[PDB]
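# Residue-level structural notes
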Amino acid sequence: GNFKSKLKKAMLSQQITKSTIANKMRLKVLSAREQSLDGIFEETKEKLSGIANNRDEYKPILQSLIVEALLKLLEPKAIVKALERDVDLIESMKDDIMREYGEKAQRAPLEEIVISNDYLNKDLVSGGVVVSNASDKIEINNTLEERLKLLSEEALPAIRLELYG
Amino acid sequence: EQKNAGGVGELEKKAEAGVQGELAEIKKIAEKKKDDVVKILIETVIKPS
Amino acid sequence: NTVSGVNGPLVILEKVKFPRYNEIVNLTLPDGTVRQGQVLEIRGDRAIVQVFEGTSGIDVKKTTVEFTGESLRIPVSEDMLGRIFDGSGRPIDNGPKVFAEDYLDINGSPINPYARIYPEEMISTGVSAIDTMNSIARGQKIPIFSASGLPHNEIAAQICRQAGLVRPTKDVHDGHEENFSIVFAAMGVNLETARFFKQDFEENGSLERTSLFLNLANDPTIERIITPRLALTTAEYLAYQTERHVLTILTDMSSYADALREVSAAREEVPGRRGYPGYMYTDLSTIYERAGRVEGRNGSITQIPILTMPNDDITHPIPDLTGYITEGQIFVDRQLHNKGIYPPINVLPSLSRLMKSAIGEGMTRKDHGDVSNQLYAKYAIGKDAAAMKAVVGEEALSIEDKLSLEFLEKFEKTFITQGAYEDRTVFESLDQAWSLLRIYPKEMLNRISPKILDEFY
Amino acid sequence: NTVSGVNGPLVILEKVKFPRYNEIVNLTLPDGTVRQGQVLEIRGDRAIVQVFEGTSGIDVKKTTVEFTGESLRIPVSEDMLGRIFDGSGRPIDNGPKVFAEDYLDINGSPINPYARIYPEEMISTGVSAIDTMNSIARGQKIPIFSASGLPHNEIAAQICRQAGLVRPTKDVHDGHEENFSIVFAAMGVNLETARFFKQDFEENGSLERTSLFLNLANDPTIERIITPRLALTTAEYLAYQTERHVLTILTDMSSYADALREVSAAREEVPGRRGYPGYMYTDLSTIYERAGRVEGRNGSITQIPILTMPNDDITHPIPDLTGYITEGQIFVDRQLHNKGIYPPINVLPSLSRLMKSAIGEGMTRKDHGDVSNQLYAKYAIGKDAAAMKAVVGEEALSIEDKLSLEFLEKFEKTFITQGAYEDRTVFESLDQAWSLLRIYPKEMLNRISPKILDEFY
Amino acid sequence: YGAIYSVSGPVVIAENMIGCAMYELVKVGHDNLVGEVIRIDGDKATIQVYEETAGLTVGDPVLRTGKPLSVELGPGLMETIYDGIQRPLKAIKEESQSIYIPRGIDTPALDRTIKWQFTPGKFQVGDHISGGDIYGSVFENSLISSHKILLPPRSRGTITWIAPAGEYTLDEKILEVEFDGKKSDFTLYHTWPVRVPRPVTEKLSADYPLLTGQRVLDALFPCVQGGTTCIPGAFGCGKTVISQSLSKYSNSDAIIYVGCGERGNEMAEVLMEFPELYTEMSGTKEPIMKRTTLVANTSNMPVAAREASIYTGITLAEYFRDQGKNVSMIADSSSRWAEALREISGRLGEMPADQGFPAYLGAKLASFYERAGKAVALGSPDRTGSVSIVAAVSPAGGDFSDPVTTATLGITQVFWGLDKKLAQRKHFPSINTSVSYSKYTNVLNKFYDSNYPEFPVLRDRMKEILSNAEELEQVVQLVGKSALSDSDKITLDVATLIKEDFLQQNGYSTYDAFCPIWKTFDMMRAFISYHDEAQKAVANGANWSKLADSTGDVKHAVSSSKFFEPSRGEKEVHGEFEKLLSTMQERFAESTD
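Rules and cut-offs
Residues numbered from 1 in each chain as written, not as in the entry; some residues may be left out. Chains lettered and ligands numbered in written order. Part of a larger assembly, values for the part shown. Heavy atoms only, no water. Residues with missing side-chain atoms left out of burial classes, pairs and counts. Helix = DSSP H or I, 4+ residues; strand = E, 2+ residues; numbered from the N terminus. Rg over C-alpha atoms; globule rule 2.2 N^0.38 Å. Contact = heavy atoms within 4.5 Å. Pairing = 2+ DSSP bridges. Axes fitted to C-alpha atoms, helices over the stretch in contact; angles between N-to-C directions. Nonpolar A, V, L, I, M, F, W, Y, C, P; charged D, E, K, R; others polar. Parallel < 35°, antiparallel > 145°, perpendicular 65-115°, else oblique.

## A short note on the overall build of chain C
Counting its secondary structure elements, chain C contains 13 helices and 17 strands. Taken against the 2.2 N^0.38 rule, which gives 23 Å for 457 residues, the C-alpha radius of gyration of chain C at 25 Å falls within 12% of a compact globule. Referenced to the eigenvectors of the C-alpha coordinate spread, the extents of chain C come out at roughly 85 × 50 × 40 Å. A sequence separation of at least 24 residues applies to 73% of the contacts in chain C between residues at least 6 apart.

Written out as structure tokens, the structure reads:
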């Protein structure tokens, strides 16, 4: 009787190990699959800051990040919070934005872009801007990390089809 | 039980040998398509989505 | 925008009108914690959200809202077995990550392709009372009706574990040719329960066999409703894309129904019969519609939902509704459990109306269905006689009644009594069943066709 | 300003925020009628008043308001004893009022000092059947559960009148030395019933010892729910300040519960089962908070409420919830009333929760518990014996049944049947017990210690 | 800060309330009454105020406390009587000349007069310390483990200031923690909102029992720490007794007693009795009360405190579980906690579900059960502690078919059926083998078999014997006992000894209601050896009358088994049982031949 229970018991300990080997492999694989994806993602936001820090190349990109957000915004005044290096770039293209918005809306032209005295971090944001409401209720985070991360949701199956398909 | 005292040695040997080759190819195939995906990611970002 | 107010699981947002129905939003708490919810109602310049996670701590202008701008879809992959997930669209257990190759909707029609051809392949549980009296098919839906004095978890696990050993014996017979996958989802049950289940699956085989979704009772009702939906996406992908038979064990189904009940109480929605929603029919349906053979016709999703009845009544709204929808009924009895029968399944009201779809004949006998009907009929008479034995005594009961009282006792104690790991093949069960029939004479077995009785006795 | 409108007894006045909660306001009509109200609710730019005086004939443009500046409190004095009042504390004795030594809050009381030393000492009522079987301790909540096939009110006069005359019989045992007062509240009483109580207390010489509040079944509901609140406060002032035992008799609890159903839908809230509020409980609890021994540990507020069910309906929320707070109940039989046994109370479904610990000493015996057991068991067998006799005959009846047959008639005609001015303490009850029991042999009396028995058989 | 818009009943709405959370503790008026915001519509916050909102005009100020309503967890819990939201009743007795707390009187949750001796841990400044790690301890008990002070859960950092050994007040700071500037100061207690479960390293299933010290609990179906259990109600003529006895006889490290919404006679009895009674393991300093921390609510206390009652108790239990202790949460009754929900719903205007009880009921019970259980305690060297919930569920419709009972039994894995007729005759406890079950049986029986008892053999056999006895008793009524064999008569004879000794125990004597878990196993051993031998001997040629005269002395001993002392040399091996076994074997040769 009690033989049969010690006979099962050792065959149970046998399959707890077959199972733990099998789990350490999916764990090594999964965390390796992610380590690679987080080094692809890493290189892209390093490459992007180098693009952002040459101002003249960042200039049409930024124009477009704003126009995009503004059409989801749908207010005549947007408050833009920026880095201390991009406030100078926004300033030198406010008219172009309000033009460019007008041509891509049928709502009304944008009245004003507000350069605020509060700014985004530089040790927490690499570059990019937060375009916000008139009273700062809802914001379209068109920062480099946030865009890269949301983009990650949709990048992941694409990257999976070309890499393992 | 001896298949379970010697099975703790085997707890890592068969776990390691099981993906010894696969972790070398995952890291290999990444370094190729790294650059190729990074251009796509950059592109999606500097395109208004 | 920002939270206007909060009334229970409903959250009042003052916002702007661009959001779409069930578009994800993330609530940013002043703690800097983000929790997810989806808009249940949208109106002009405002929303009502139900938040999955939490239901308290939600502020006003110190809190903020951010839009995801994707209505909820579940990230489905086919590498999901062995991998630990949490009932929330991601693991909060720190288990192996989900990945996505498709994101599929839980609305109840993503691309849904189901039965234009009914189940014909038999799938066995290794348990005679299940298999012989009711039968289980490659699309069959069978509710386990359980109680507050039965141990629901022990039977749930029992059916699943023994159906994994039988199912490859059936693969060799050519009842199957495709994989078996288990999808186990536990939603809002105790810690004690959750732990137990995982331990059971390991002993029998492994946990590589099954995929686990774990949801804790302390997590809200809103979480609980999404938990089976996550199971459905898992199963539909596996059947569709990789022609696998998927077996879903959905525990506890009653847990899910109480949740529905809570979002009509703390809503202004007027409920129907016995305080259970009026739109309760639709909520339950969503789970049950997404069943049957999946396109290619080598894939399938087969369902065994697990219901625990709280009052143990058959006038309670949950058991009744479920029964009309499902292809079979399996009733598990407290009185058998007490007596020392394991499994303690009473077949007195266990019935399938889609009995033909349920049985097999190309990997099971043709005689299987004929014997089962006779058995059920003879069990029932044996129960009518049992009540009469208590009343009348043996002081007026007839010659015929006496055979039926013996049959009842032999039937409980041999057929329904099986070891904890003892699995019976469907063919062996017939032999057992034939032993049960064999004590009655050829004039009592008169209802059955002459051909079958002279052939096999 | 003016009265904005009236809907029901609810008066909507257009005023800023000027009255505090529960502040009395005086609605001045110019037609020789001044009316008072209490703000029931205060809201922004409006207040909802229910008037103490009338309910209809209010102007919506000619009314003017004055603020009293005093929230509702009861003027409590002790020269209140020996006087008849109405439901708002105004005298119907006629002649100048008694006024206050204090104004004490009625709302839940401004100091609440009630028991965390459980009830000790015995309280007698004056009836053997209540005292021995259903013993009441100082500050213990035991109600009388009654029905509509009985005059519930008569039986209530009887307990009140005969209570606190027991206290001098106890002074001779030297169990008491403290002054006893009695507080009486009549709710929803008829004129004729009302006068009956006043005249009975007057005979006994108990009128001087009691204050009576009458709220008639024709006066506002708000006035009627206030009636017990005023009574619970008088009893408390006497318990605390002057270290007295006060017994408060609250009849009729159904009138009070009914009144609450009228104000349920008066309010903008939604009721519970059978139309009776789900917050009926909250209200009842307010009564009960004032109940128990006061801190000082020689004064108490003892409470006997009378609740009438329609036909012993336990489907009704009222006995099921009220019965939970309280510690036992006294059930009255219609079957005994019909026979013509009066009082017609049956002691067998009746209970006192803690009965060996609901007595004291020097005013009880320690033999109290032993006799309660004997009395009970023989009366029950006797109930069985009556039914038995009818089937079997007398020419086949058992010798034990004969003793039980006699016991049934003597327990009813000695212990239960007694006069309208008879008075009883535990010693008197106890002598009558032994004469019923004497008839049984000692070997049938075995729930009793051999010590006690050899002395009192 | 806010201004009162309306007071409609005890519900008060206030405008101009921004950054108002949805569990936010607020103080209403000039008086500072306790309230909490259930709901928010717009600018206006809807508050349930638990204290009388009499004298409160519209326009009084509403002051946020700036944080949810929390409970304090730290030194000086034991030997204190509390409210449902933890407010010392004892402290009101000193000040106010009141038992209860009257409106406009609030006080802090822990006393600040009392000072406790703080001892540092194994961490010093400059060490990184993590959530739940043992930072220090306070010792103020000698009978049980005391209050070991943890770093607050979900809090990490490097310790700037660790106060050295000495006496500090509960109020006073003893820690500053460096985590993004000064993280805050912390004190000897920690605050935790009670409608949030406390974390632990991980939760496990239960497997580990402890001394219950009531024979019937262990014997009929074992009592486990980290369990879920239903006990029937009786409304203080049966309920009170079993509760008082479970607190006294169980030598679990702590016991947390919660009275959800009781008569007030029961609350009064538990407080006076605890210092008065003696420990069953030795020690004075108010014996049982020193191990006890009490939350005691009568139905008269505010309704939010009645609803809150179990939540605060459960947080308390959970706090001690991280110290590594075994706790009994004895909660009485859930039907009374449920009654509060019903009341609070009608006041809000919430629409409930069946029998007037809301729908928040079934999910709140499920959430509640899971907080209780066994877990490996949080803190760096790790210990094991447990939280075992035994919750009474009384009549709430006059039946047990009402929503509260039916919901709980389902989540619950254990039911113990008190018997009314025996209870009215004052045998406590007297559990019926017919209605009762434990689904914990299997795992536990294996646990005791490991430890040293023959427990699986004896427990299973105990049940079968009694079940069998009802069925044989019927054959005696209708056919007659004389036509039945000696074997059957014996089956009944043995069942009567099992019934008399275990089941009919009297919790009014300690040589009849206190015996250790081993002692209880030794008695049961004794009866089983006799059953087998008695059936063996009648088969080899003996009769019922013959058998009875022959067994004699061993039969008399087994009858007298309960009267014996908890020790005889040890309280784990009772020498008188071990030698009894020999006298039985010697007796069986004689009797049979």
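There is more to say after this.
## Focus on the sheet that holds strand β13 (residues 157-162) of chain E
Residue and element names in this part refer to chain E. With respect to topology, 4 strands assemble into an open sheet ordered β10-β13-β15-β16, the strand pairing being antiparallel. Looking at which strands have only one partner, the edges of the open sheet turn out to be β10 (128-129) and β16 (182-187). Taken together, the 5 bridges between strand β15 (residues 173-178) and β16 define a ladder with antiparallel strand orientation. Residue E178 lies in a different strand from β16, and its bridge partner there is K182.

## Notes on the environment of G19(E)
For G19(E), the position within the fold is in the loop between β2 (11-15) and β3 (24-28). Not counting chain neighbours up to four residues away, the residues in contact with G19(E) comprise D59(C) and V60(C).

## Remarks on the sheet that holds strand β2 (residues 112-115) of chain A
Residues and elements named next belong to chain A. Taking strand neighbours across the sheet as the criterion, the 4 strands line up as β2-β1-β3-β4 in an open arrangement whose pairing is mixed. Of all the strands in the sheet, the pair left with one neighbour each is β2 and β4 (139-143). Geometrically, the sheet is characterised by an average inter-axis angle of 25 degrees between neighbouring strands, direction not taken into account. Of the strand pairs in this sheet, strand β3 (residues 128-132) and β4 are connected by 5 bridges, and their pairing is antiparallel.

## Comments concerning the interface of chain E and chain C
The partner chain C presents 19 residues to the 17 residues of chain E that form the contact. Elements represented by at least two residues in the side of chain E that touches chain C include exactly β4 (33-41), α8 (360-371) and α9 (403-411) of chain E. Tallied by class, the residues present in the side of chain E that touches chain C amount to 9 nonpolar, 5 polar and 3 charged.

## Looking at the interface of chain E and chain D
Each partner contributes residues to the interface: chain E has 28 residues there, and chain D has 25 residues. Ranked by residues supplied to the side of chain E that touches chain D, first place goes to strand β1 (residues 2-8) of chain E with 4 residues. For the side of chain E that touches chain D, the class distribution of residues is 11 nonpolar, 13 polar and 4 charged. Note that strand β4 (residues 34-43) of chain D and β1(E) share 2 bridges and pair antiparallel. Across the sheet, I42(D) pairs through a bridge with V7(E), a residue of β1(E).

## Some thoughts on the pairing of β3(E)
Residues and elements named next belong to chain E. Alignment of β3 against strand β6 (residues 61-68), held across 4 bridges, turns out to be antiparallel. By the bridge assignment, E24 is partnered in β6 with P68. In the sheet, β3 pairs with β4 via 4 bridges, with the strands oriented antiparallel. Across the sheet, the residue bridging to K27 is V34, located in β4. With antiparallel pairing between neighbouring strands as the criterion, β3 and β4 make up a hairpin whose turn holds 4 residues, including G29 at a positive phi of roughly 65 degrees.

## Some points on the arrangement of the chains
A comparison of contact numbers over the 4 pairs of chains in contact places chains D and E at the top. At their nearest point, the C-alpha atoms of chain A and chain D are still 29 Å apart, with no contact between the two. The two units chain A and chain E never meet; even their closest C-alpha atoms stay 12 Å apart.

## Let's talk about the pairing of strand β2 (residues 10-13) of chain D
Residues and elements named next belong to chain D. Sheet topology places strand β1 (residues 3-7) next to β2; 4 bridges connect them, and they run antiparallel. Looking at the pairing, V6 lines up with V11 of β2. With antiparallel pairing between neighbouring strands as the criterion, β1 and β2 make up a hairpin whose turn holds 2 residues, including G8 at a positive phi of roughly 70 degrees.

## Considering the packing of helix α10 (residues 368-392) of chain D against helix α11 (residues 399-416) of chain D
Two measures define how a pair of helices packs: the angle their axes make with one another and the distance between the axes. All names here are of chain D. As a packed pair, α10 and α11 sit with axes 8 Å apart at the nearest point and diverge in direction by 105 degrees. By the angle class used here, α10 and α11 are roughly perpendicular. Side by side, α10 and α11 meet where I381, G382 and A385 of the first sit next to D401, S404 and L408 of the second.

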